[PDB]
RNA sequence: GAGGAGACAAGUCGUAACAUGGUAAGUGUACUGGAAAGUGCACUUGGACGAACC
RNA sequence: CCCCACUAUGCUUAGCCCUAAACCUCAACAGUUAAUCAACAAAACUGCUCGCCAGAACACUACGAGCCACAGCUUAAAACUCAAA
RNA sequence: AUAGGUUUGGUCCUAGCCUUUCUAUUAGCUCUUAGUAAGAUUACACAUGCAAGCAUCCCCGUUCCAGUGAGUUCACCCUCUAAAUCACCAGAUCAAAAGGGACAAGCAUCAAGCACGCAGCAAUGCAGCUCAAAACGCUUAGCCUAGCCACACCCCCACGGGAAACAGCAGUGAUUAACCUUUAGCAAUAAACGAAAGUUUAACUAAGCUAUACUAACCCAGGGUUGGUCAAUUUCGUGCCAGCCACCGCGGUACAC
Ligand SMILES: Nc1nc2c(ncn2[C@@H]2O[C@H](COP(=O)(O)OP(=O)(O)OP(=O)(O)O)[C@@H](O)[C@H]2O)c(=O)[nH]1
Ligand SMILES: [Mg+2]
Ligand SMILES: [Mg+2]
Ligand SMILES: [Mg+2]
Ligand SMILES: [Mg+2]
Ligand SMILES: [Mg+2]
Ligand SMILES: [Mg+2]
Ligand SMILES: [Mg+2]
Ligand SMILES: [Mg+2]
Ligand SMILES: [Mg+2]
Ligand SMILES: [Mg+2]
Ligand SMILES: [Mg+2]
Ligand SMILES: [Mg+2]
Ligand SMILES: [Mg+2]
Ligand SMILES: [Mg+2]
Ligand SMILES: [Mg+2]
Ligand SMILES: [Mg+2]
Ligand SMILES: [Mg+2]
Ligand SMILES: [Mg+2]
């Protein structure tokens, strides 16, 4: 019997009510997206997709999703594009249209989200917004300058010039889009990030899309369920409600949902547990079919018959998105012939005795991305010969991983 | 557990199950837990009306007197139970609560008559 | 298995939570227990195997049930 | 590191034990030997001496 | 294994060593032959006492301890293993 | 135990092992309702919120309740006698410190401990005391459950130091096979306070979650097993392979997969 909880059918026109817009600031590394966000909020590498509910001088409220620009966080950029409904791409005319700029453009095309170009660093010399628009013409972003629909705004995030025009354009495009959602009924949303706080347990920063979330609701997402225990803002102050298009951190998660997973409100805890059991059973059936094919191959082989340079790595991250990014970087390994890379265990949270034990068992190395390892863990690692490597930057960690691969050998694997 | 200070008190220890209260009149050290160690069980009290519309109270009057002599205090509910039993004078708060109830019902009746 | 029984019993060397390394017999027709996978192991010696004194509990952690 | 035990388990050299096991077996001890084991001294029957005379 | 030669040794003295199938494999003391008694062996028991035993093997073992003992003796386990011995 | 299966070519004896029974934890598969009972694996680390006030100022309480089981013969009996209650005293109740007795488990491959005694007013003198009827020593354990003992982050203690304390309730990270709400009210009982109306209380009460259990219902049943011990198999497929078993065992063209 199918017990899955599915998204409610599209909202009725009468039930629809105006809601705020969701804007993602995409772009390639160090094009001032962070500076623009800081200026808009009135407050050097981005590594987390951050949701902020900003209030404009007009009194409107807009949810900004600041995404990393580094090539590694393609998953983060894709998730931001999918969840958002407007993409305020930021491009530095001095640098010009780049690979990640085109990647963001393609993600916007997939998501079917209106794109607004913001020329950053327009104050600096050699800034050529006209050339930027020309180049975008090839990538199909036809700016209104060259007989198009895309609005291009010259700005200088550092000097805060024309940001008022950018905000006005964003508000106008939002009004044109006419975004609305049902504020009542079971809640629906998407997980923007998930992590483990030593105080608050498993937390998920999500963005509501329908209904209103409140303490005591039962949510289900992926193979996870929760009884909403604490809803908090970016600054942690508790909020009694989370209307559609509101970024909220939700505690009370029994299991840590995967980033980007859909969150749906169900009637009760037993119903949520039934849904989770059904989803786990579905995953089990899929994996069982795969294993059945493999086992049938092996058994045919057996019936007919009857007739080293290896690096084991544990990955520990501060957030599930970070862990996934490191996992993708690892999977981009291609030089298995000269040295093999094996991923013993990946997880979110500070280096734990279990991680140390796995490292000892497999002669592995623990790579902690934005995580700590208490003195007890350090002493145990020294005692057992494990090596812990705590890195705060993705490319620094990747460099260290490459160095270890070469030590095992330089490594032919180029992360790209 | 060596308790500093304290003094014997004749009080009601709540036994029974949920939604089903029942009391054991026990002369116990005041600092001891409510339902814990007690010097002597001086009686019992079933606050729920039985098949005959009665709240059975049993008071081991002899030992109650002996403990009052030996210097045990009385919790307010126990004092009110004894006052109802006539072993003690009616408690001043029982009398005052009776008068408050009389006045409350009088107000209710007056308003019902007016409306 | 020891004589007279003849077979190729599937077993796996696992480092238990207690830090000990033991051999667990994998029941069922077919498995997919690869290296680094986490399993649950209970008692009950496999009679025909000397020294294999444990069994992987099917359906728990990374050991899926037996495919029909 | 190496030893010891056990198990698994087909081989190599012998046939030490179980029949008087082809030198009866064994206990203690000593020397000797691929290897079981051999021999020396005392001890045991958990061997026999065939049970009238011949 | 059979034959020959010869040594330690068997002997005496003074010390050590303290082991045997050191077994009559049947503990000491007192008592009974009555209602028998797995098998075999050297019939069955009663009372009292001390010592000893508690599946096999690991094990006349390792460790610890004691000893004139230095390849030793006494005491003596455990882990893994088996459904038997 | 009312016992059963198992040594063997077979019998008898001894003997271990396992089965049958009842609980509890965990796991697999599955699950409708209501009432009640019980509910971290860890003396490892803790975000957050609350958990002690009362009261005409002083006093009194926060030393209680609540918690955990690290440690562990401080619990029980007697002698004496503190503190506290009996509005003051009275002796009565309650019960400390002290003194006497009793008081867990295994290891003797822990057999010697090394001052462990006595007398004297004192000076000092005697050289004694415990122990194979288990001294001394190591390891383990909370216990004798109306409840009791012990601990309160560690240094036994806690001036001092290490350091910044949930073994209070809710909750969290780590850890484990083990995983309850970041509820409501002091209406009831208990406690503190007050002369009192009364105030406070994560004690407690009433709820929340969990087949862990008991009860009751259900007009929607799953789990396990079917060679013997042990209730119960039809046809196929495989063919000493796949596989199964608590013990004996089965699988070489199967009532055991
Ligand atoms: N001159 C100038 N510099 C600017 C302007 N806006 C931003 N910047 C700077 O340009 C850089 C932009 O990089 P960020 O936005 O901080 O980071 P990022 O884009 O995520 O890049 P990574 O995090 O490295 O992937 C920073 O040094 C900004 O301070 C601007 O208008 N003018
Ligand atoms: Mg940036
Ligand atoms: Mg022979
Ligand atoms: Mg011979
Ligand atoms: Mg001989
Ligand atoms: Mg010779
Ligand atoms: Mg003799
Ligand atoms: Mg000997
Ligand atoms: Mg020896
Ligand atoms: Mg020795
Ligand atoms: Mg269950
Ligand atoms: Mg303990
Ligand atoms: Mg020893
Ligand atoms: Mg603590
Ligand atoms: Mg202390
Ligand atoms: Mg707590
Ligand atoms: Mg947790
Ligand atoms: Mg449990
Ligand atoms: Mg057949």
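By the numbers in Swiss-Prot, the shown part of chain A spans 161-203, 212-475, 513-614, 720-726.
The way this entry was determined, per its header, is electron microscopy, 3.3 Å.
In case you wondered, yes, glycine gets a Cβ from its N, Cα and C as well.
Look at Swiss-Prot and you will find A:187-194, A:234-237, A:288-291 tagged as GTP binding site, backed by similarity to another entry. Around the Cβ of residue A:187 (GTP binding site), 29 further Cβ atoms fall within 10 Å across all displayed protein chains.
Outside the region 'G1' (A:187-194), and at least 6 residues removed from its termini, the chain residues within Cβ reach (under 8 Å) are 212-214, 234-235, 237-239, 257-260, 263, 266-269, 272, 288-289, 325-326. The feature region 'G1' is assigned by Swiss-Prot to A:187-194, with similarity to another entry given as support.
Through the fold, the region 'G2' (A:212-216) approaches residues 189-190, 193-194, 234-238, 241, 244, 361, 524, 526-527, 575, 598-599 of its own chain, all at least 6 residues removed from its boundaries and within a Cβ separation under 8 Å. The region 'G2' annotation in Swiss-Prot covers A:212-216.
Annotated region 'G3' per Swiss-Prot: A:234-237, in sequence order, evidence recorded as similarity to another entry.
According to Swiss-Prot, the feature region 'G4' maps to A:288-291. Sequence-distant contacts of the region 'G4' (A:288-291) (same chain, six or more residues past either end, CB-CB distance under 8 Å): 187, 191-193, 195-196, 258-263, 297, 322-327, 329-330.
Shown are the binding-site residues A:189, A:290; of these, the residue with the fewest other Cβ atoms within 10 Å is A:189. Using a 10 Å Cβ-Cβ cutoff, residue A:193 (GTP binding site) registers 28 neighbours. For the region 'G4' (A:288-291), residue counts in helix, strand and coil come to 0 helix, 1 strand, 3 coil, using DSSP. In terms of DSSP secondary structure, the region 'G3' (A:234-237) contains 0 helix, 1 strand, 3 coil. According to its DSSP assignment, residue A:189 (GTP binding site) is coil. Listed in sequence order, A:184, A:185, A:193, A:194, A:197, A:214, A:217, A:218, A:220 are the same-chain residues at least 6 apart in sequence whose CB falls under 8 Å from the CB of residue A:234 (GTP binding site).
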